[PDB]
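Colleague: The structure under discussion is supplied below as structure tokens; questions concerning it will follow.
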Amino acid sequence: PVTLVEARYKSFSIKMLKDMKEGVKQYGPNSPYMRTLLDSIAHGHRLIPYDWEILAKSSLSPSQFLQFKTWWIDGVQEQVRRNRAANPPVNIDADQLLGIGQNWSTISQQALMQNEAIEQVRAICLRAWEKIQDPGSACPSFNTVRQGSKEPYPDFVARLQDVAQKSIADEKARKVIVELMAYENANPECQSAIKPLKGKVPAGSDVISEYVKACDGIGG
Amino acid sequence: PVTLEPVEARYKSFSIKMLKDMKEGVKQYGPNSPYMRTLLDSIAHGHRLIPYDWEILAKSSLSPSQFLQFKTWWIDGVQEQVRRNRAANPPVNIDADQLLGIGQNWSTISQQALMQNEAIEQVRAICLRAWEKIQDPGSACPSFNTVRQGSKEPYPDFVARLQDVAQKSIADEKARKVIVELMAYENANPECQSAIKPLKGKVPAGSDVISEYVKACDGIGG
């Protein structure tokens, strides 16, 4: 990252890259430990689009760098359409956020970027990292995730909370969908255990807290 | 119906539309739908119905196998009114041949057009209870042991059958209220008995028992 009297760009150490690879390989790219570590890296530095490529290339499988680059390209193609419709329109084109082109293809040209382009490339890079799949799997639809027999209830809810995180982009639309689907796809035991509790949050609680509290020793 | 205009009491028959919609109601919804009960009550309470007009309105708007029941329960409901019309002091001068519209003194329209209002309320309360025992066109009234909720049947469709049985068998409604609330638990399938068991014996406020029962079986039926 770059350090603010002029712009000086220094690569990462070996320890940071070793920790990132050892995290991604063992726990997954979207385990909560990796999200916490990645947000601590990104919010605590000044990342140019060179550094997202250096970080993601040296940490991900080659089957996952393709997905990272693809959803980065999709995110900047949608962010450009909201950038020209401004009043005044901002001078943030596609080739300034992708880190390629004629005027933006070397680290000396990129190190003189403003705060708004930094905070705009950060959100689309994080949303790109949020969509990277696990090595052997594909993202399923909501018709497939059902609590099978002999399976705990929070293990069932924590699959829905991830499926609704890869697909749907708005959090308010995530909450209503997972609150609805937590009752329809449940086992008959947890459905009968959860039916007298529906639509009743007592005080300062989440709905799914009382839901997982309700059916508790049911499966096993 | 008859009109008391200057007094003088003239007789006028029903219209054609007033008989036509009564027949089209009875034929389609049933004789004891909630629509026909209010329609018949609005006809009866807002007019002056002598026992000729009840027979005209009942003959022109019912099946041939249901006039045989209306006339029968009319006869049985006047066989028990005189037992409470001479055995209560002072005994009133209302004989059997006045509420039935037959005999020698009460057999023509001009004779029947001059009855007193106590006899009018009495024949009204007999006929409205006679109408509540007419059966659907192919059915006999079952007993309380045979109205059991079958599997894959919703709950309000079962409680409605219970109230339909209890409206034909019991004449007192205060005893109707306390039997449906017991049979609603006693005659349900186990999928609603297990869902209704923790609720028995308490209602919070502003409610009754039979709606707090049906709230707890919201999605259990098939």
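Note that each Cβ is placed from the backbone with ideal geometry, even for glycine, and that neighbours are counted across all protein chains shown. Nothing in this text is a laboratory measurement; each read-out follows from the coordinates by a stated rule.
Colleague: Using +1 on the beta carbon of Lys and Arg, -1 on that of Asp and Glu, and nothing else charged, what's the dipole of the protein assembly as shown about the Cα centre, debye to 20?
Modeller: On the way: 54 positive and 51 negative charges, 77 e Å.
For this selection, approximately 360 debye.
Colleague: Report the charge-dipole magnitude of the range B:1-140 in Debye, nearest 20, computed about the Cα centre from +1 at each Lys and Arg Cβ and -1 at each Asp and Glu Cβ. Write down the numbers at each step before the final one.
Modeller: Values: 16 positive and 15 negative charges, 47 e Å.
For this selection, approximately 220 debye.
Colleague: Run through the range B:24-94 and list the chymotrypsin sites (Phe, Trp or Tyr not before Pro) located in a DSSP loop whose Cβ has at most 15 other Cβ atoms within 10 Å.
Modeller: Numbers: sites: B:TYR29, B:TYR35, B:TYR52, B:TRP54, B:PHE67, B:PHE70, B:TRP73, B:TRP74; in loops: B:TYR29.
Those satisfying the criteria are B:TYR29.
Colleague: Quick one: Karplus J couplings for the range A:54-67, per residue in order, coefficients 6.51, -1.76, 1.60, θ = phi - 60°, nearest Hz, x for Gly and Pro?
Modeller: After applying 6.51 cos²θ - 1.76 cosθ + 1.60, I find 5, 6, 6, 6, 7, 9, 10, 5, x, 6, 10, 5, 5, 5 Hz.
Colleague: In addition: Count charges around A:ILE92 for me, please; just the other residues with Cβ under 12 Å from its Cβ, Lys/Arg as +1, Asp/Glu as -1.
Modeller: On the way: positive: A:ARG81, A:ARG82, A:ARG84; negative: A:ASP93, A:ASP95, A:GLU116, A:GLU119.
Within the 12 Å Cβ shell, the charges total -1.
Colleague: How big is the gap, in Å, between the Cα center of the range B:18-80 and the Cα center of the range A:4-28?
Modeller: Taking the Cα centre of the range A:4-28 as reference, the centre of the range B:18-80 is 91 Å away.
Colleague: Lone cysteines in chain A, defined as no other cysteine's Cβ under 4.7 Å from theirs: which are they?
Modeller: That list is A:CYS125, A:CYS139.
Colleague: For the range A:207-220, in order, what is each residue's ³J(HN,Hα) by Karplus, 6.51 cos²θ - 1.76 cosθ + 1.60 with θ = phi - 60°, in whole Hz (x at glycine and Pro)?
Modeller: Taking θ as phi minus 60°, the curve returns 5, 6, 5, 5, 5, 6, 6, 5, 8, 10, x, 4, x, x Hz for the range A:207-220.
Colleague: Karplus couplings for the range A:178-184 from phi (6.51 cos²θ - 1.76 cosθ + 1.60, θ = phi - 60°), rounded to Hz, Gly and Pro as x?
Modeller: 6, 5, 6, 6, 5, 9, 6
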